[PDB]
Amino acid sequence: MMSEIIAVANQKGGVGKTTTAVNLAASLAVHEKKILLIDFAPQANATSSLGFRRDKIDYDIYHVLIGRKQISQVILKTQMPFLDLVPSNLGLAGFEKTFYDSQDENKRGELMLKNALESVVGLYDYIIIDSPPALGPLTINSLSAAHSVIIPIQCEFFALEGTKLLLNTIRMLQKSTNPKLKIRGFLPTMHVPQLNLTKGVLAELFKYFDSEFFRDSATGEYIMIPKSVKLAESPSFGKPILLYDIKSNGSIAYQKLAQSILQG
């Protein structure tokens, strides 16, 4: 078999990409599945969330895209036995110059991550990519390297205009760069059910997107990550929520999302 590569992408800032990418990778790993989490963002919050401070690690994902290293070396064992991390650092932001000069040659610049992942695809069950907040090069590499994509949606006004923008960026690559690219699902995040902004933003989303919302096998209802301050607390301890409070609602909801993704 070979890895399903799941990109976690939304270009809106702070909708929960890193928390989703960190906790899904951890929830998938405790099912005895081999998981590679790639911190694909220059802010490097996924790396911090697993408790690797930036100056501990020599060489990062930027140095793999450059070709100084091959991805196999830069990989770290985490607290979890089944969770591996390609860490990031702010030096990864310097890939952006390297992008517009690598599309200047072979039109190969979108695929730099995808070609880098080729050595490691038979080595993992799932590869989870944490993308930064933009539709620029790093998110495009993340999307061109992926079989499927999770969309976190903070259910607030900017998500209406914003989600729509990402789909037609996705639709663009489905007819060009990565034709096999799938929407794995829509993942309501930071969810407070009672709010009239939250109901009305979800209503409008359910008009166009309802089939693609993450749903549960055993219930049949929607999978929604609740607003839980424990999830926000967890990266301060260098941990996924699973290793912080396993009983908490947000940990429960990430383990539900694990179970959907394993099922197919």
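So that there is no doubt, residue numbering starts at 1 and follows the sequence shown.
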item	value
Mean temperature factor over C-alpha atoms, higher-scoring stretch between 23 to 31 and 211 to 219	211 to 219
Greater mean Cα temperature factor according to the PDB record, 55 to 63 or 40 to 48	55 to 63
Residue of maximum C-alpha B factor among 78, 141, 169, 131, per deposited coordinates	169
Identity of residue with top Cα B-factor, from 114, 97, 164, 191	97
Relative C-alpha B-factor of residue 101, binned into the chain's lowest, middle or highest third	highest
Third assignment of residue 230 from its chain's C-alpha B-factors	lowest
Entry-reported Cα temperature factor of residue 160, expressed as the chain third it lands in	lowest
Third of the chain's Cα B-factor distribution that residue 149 belongs to, per the entry	lowest
Third assignment of residue 2 from its chain's C-alpha B-factors	highest
